[PDB]
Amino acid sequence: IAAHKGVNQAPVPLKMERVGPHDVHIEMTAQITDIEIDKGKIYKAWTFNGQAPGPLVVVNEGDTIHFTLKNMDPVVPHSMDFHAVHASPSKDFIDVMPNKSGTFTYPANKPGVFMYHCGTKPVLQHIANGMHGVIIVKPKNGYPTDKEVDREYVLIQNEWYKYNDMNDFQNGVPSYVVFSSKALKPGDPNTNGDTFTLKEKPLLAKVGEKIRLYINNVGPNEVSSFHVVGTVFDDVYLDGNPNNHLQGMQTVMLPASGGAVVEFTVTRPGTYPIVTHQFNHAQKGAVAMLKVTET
């Protein structure tokens, strides 16, 4: 796209504020930003806020979201679809033109770990170019295992293809498959989908802790066979809904856009890989690390 040549829009922070007991404002941008997806490989991603996946959003069950999208793309329209919400797609997930803003309002009344993404046709193109993310909706009454959890992180799986190549997006294998982590609390890492960051700078934990991961596989195209090496999931909540409670799973099947909350114990010091167990995808990048120490 001629109007994207040389464009690299600096990342913009997510803006969010609570405006009532059950109402929250969220302001995001659509922007074109160079991301290093593998060592030496730059992808001029289509993004929310200059991150791919986009920034984490966390709301409470029952919150209405008043969402604004500021489109900084010079030429392509963009939009937003939150899987958390009940909305009219053809009224509420509509396009925002270049250099314009749009505000849409909709309720999040289901707890869980939801995908969000651009909804502009062709949706495959917009998702594959980087316009995906996660929204977490925290359950009003928690999870039954909350009191057991010592530490928590967010992980997101996505794929990358040949740049802006619809034939490859539709017909080709992924070039890379990757994990990212998005911060829940100060000090947590906040990364983009690349093949290396979470190997070189592992997530951290302490021996004996029960870890919770909020996970989502945004695709665009693959399913995920999510596994943590050296442990078994004690508890799994499919899509993050507390009712969908499995126990003692080695591996969690996630559809494309599929989420879960998973909990596991790390019993011994060491480095614990986190993979999709579709090992072609692991080989193409989808291995993160969790470094477990005595402190």
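We number the residues from 1 along the sequence you see.
In this entry, the higher average B-factor at the C-alpha atoms falls on 12-20, of the pair 268-276 and 12-20. Note on 142-150 vs 104-112: mean CA B-factor is higher in 142-150.
Considering 243, 250, 47, 257 together, the PDB entry gives 243 the largest C-alpha B factor. Comparing C-alpha B-factors across 174, 130, 189, 193 in the deposited entry, the largest value falls on 189. The deposited CA B-factor of residue 91 belongs to the highest third of values across its chain. Looking at the C-alpha B-factors along this chain, the one for residue 117 belongs to the lowest third. Split the chain's modelled residues into thirds by C-alpha temperature factor. Residue 85 is in the middle one. Ranked within its chain, residue 99 lands in the highest third, by CA B factor from the PDB record.
Among the modelled residues of its chain, residue 70 has a C-alpha B-factor that falls in the highest third according to the deposited record.
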